[PDB]
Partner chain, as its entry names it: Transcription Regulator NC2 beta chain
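Before any questions on how it binds or moves, here is one chain, the form solved without its partner chain, in structure tokens.
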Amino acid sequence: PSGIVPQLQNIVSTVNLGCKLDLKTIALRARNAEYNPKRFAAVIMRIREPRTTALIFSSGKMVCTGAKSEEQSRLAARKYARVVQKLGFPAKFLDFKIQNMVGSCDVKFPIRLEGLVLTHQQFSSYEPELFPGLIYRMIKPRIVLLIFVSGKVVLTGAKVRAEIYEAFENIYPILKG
């Protein structure tokens, strides 16, 4: 192994509260809700612990972002559901699912991206006129990696923690050699 463990930065999860919601009521009666229907059609709600952001839609569907663990994402999602319930809606906690996970790493050595896009062209996209990182589209596991000249790596597109660790253990010998 590399001896390097990628750190989870963000978890995106979803949940169906199983009932239709009046967003005007949520915005008026909650302290932590932000609602500008002309700008964006959902309520933006925030809680302090776990420090996250939820988008609540009039359909009853909800998106939870910003958590650092899959456990924190579930606890935060349940807290938003409990806030909505106390506001007078018959909210349920249905079909909770982790949709995306973002991890980050540092290999602590510089990377010649101009060389990596030649040896691994079938997975690599590097256009420095557009973005400083090399976009690596790994097939197994299906993960997108943003590789920078600094040796710092961003891993995204994972449904489970293991896919982040697997993708990093796969990229490490490619970056070292």
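Positions refer to the first chain, counted from 1. Take the two forms, superpose them, and find the largest set of C-alpha atoms that agree within 1.5 Å; that set is the rigid core.
Once the rigid core is used to overlay the structures in 7 other deposited structures of this protein, the stretch among 30-38 and 60-68 whose CA atoms lie farther from this form is 30-38.
Among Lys152, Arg142, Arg112, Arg46, the highest C-alpha B-factor in the deposited entry belongs to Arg142.
Compared with the other modelled residues of the chain, the Cα B-factor recorded for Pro50 ranks in the highest third. Per the deposited record, the Cα B-factor of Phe93 falls in the highest third when ranked against the other modelled residues of its chain. Among all modelled residues in its chain, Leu17 ranks in the highest third by Cα B-factor. Ranked against the other modelled residues of its chain, the C-alpha B-factor of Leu87 as given in the entry falls in the highest third. Per the PDB record, residue ranking by Cα B-factor puts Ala76 in the lowest third of the chain.
Not pictured, yet referred to below: the form solved in complex with its partner chain.
Proximity of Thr119 to its partner chain in the deposited complex: non-hydrogen atoms within 4.5 Å are present. Taking non-hydrogen atoms only, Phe123 approaches its partner chain to within 4.5 angstroms in the deposited complex.
At the 4.5 Å threshold, heavy atoms of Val63 stay clear of its partner chain in the deposited complex, well away from it. Contact between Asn170 and its partner chain in the deposited complex is found at the 4.5 Å heavy atom cutoff. Along 135-155, these residues reach a heavy atom to within 4.5 Å of its partner chain in the deposited complex: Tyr136, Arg137, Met138, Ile139, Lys140, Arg142.
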